[PDB]
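This document starts with one chain, in the form deposited in one PDB entry, laid out as structure tokens.
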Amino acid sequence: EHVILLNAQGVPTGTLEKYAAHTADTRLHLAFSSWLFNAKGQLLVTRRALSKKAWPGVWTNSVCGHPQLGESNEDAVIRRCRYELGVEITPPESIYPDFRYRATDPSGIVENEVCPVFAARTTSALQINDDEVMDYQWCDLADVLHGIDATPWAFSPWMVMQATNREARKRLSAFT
């Protein structure tokens, strides 16, 4: 696994090995986030495994990751959903294509990402990958947004930042 590097124009300049790109001085790179909803309209919230290098043991939106060379964003979502959660999904839909953030985790590991956001619905049962996900929950969207708004430090910084953008929250609500 690698990440795709980007300049200030969102133009790709190359590539680096996933683990090694993520340091105290992480260079701008490409990621994605998806918000997954079941047939009841509940959002899947997941807790990252204790073994993750960056934000281990942290609650977060359904699935995030790094698209690889030659793979669309959508296919990255679909593949990471099969890999982390053992689940099939409807075609990912853009909700926040221009999302970009920088943040620092309790060990000083920085994420610095152009991170388009998607929503999809699950169409099969979860089969949890314990190396990635230590816990999850199905929740009402409005409950999660109140949590995020009250105690943001309880969630990952990309989850919070995505959820707090007005256009993004409105599209996520409409999707449910």
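Residue numbers run from 1 along the displayed sequence.
Below: the form solved in complex with a small molecule, not depicted.
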item: Segment that reaches the small molecule in the entry with it bound - one of 119 to 127, 134 to 142, 26 to 34, 147 to 155, heavy atoms within 4.5 Å; value: 26 to 34
item: Contact label in the entry with it bound: residue 64 to the small molecule, heavy atom within 4.5 Å; value: yes
item: Interface membership of residue 52, the small molecule in the entry with it bound, 4.5 Å heavy atom rule; value: yes
item: is_contact(residue 82, the small molecule) in the entry with it bound, heavy atom dist at most 4.5 Å; value: no
item: 4.5 angstroms heavy atom contact with the small molecule in the entry with it bound for residue 47; value: no
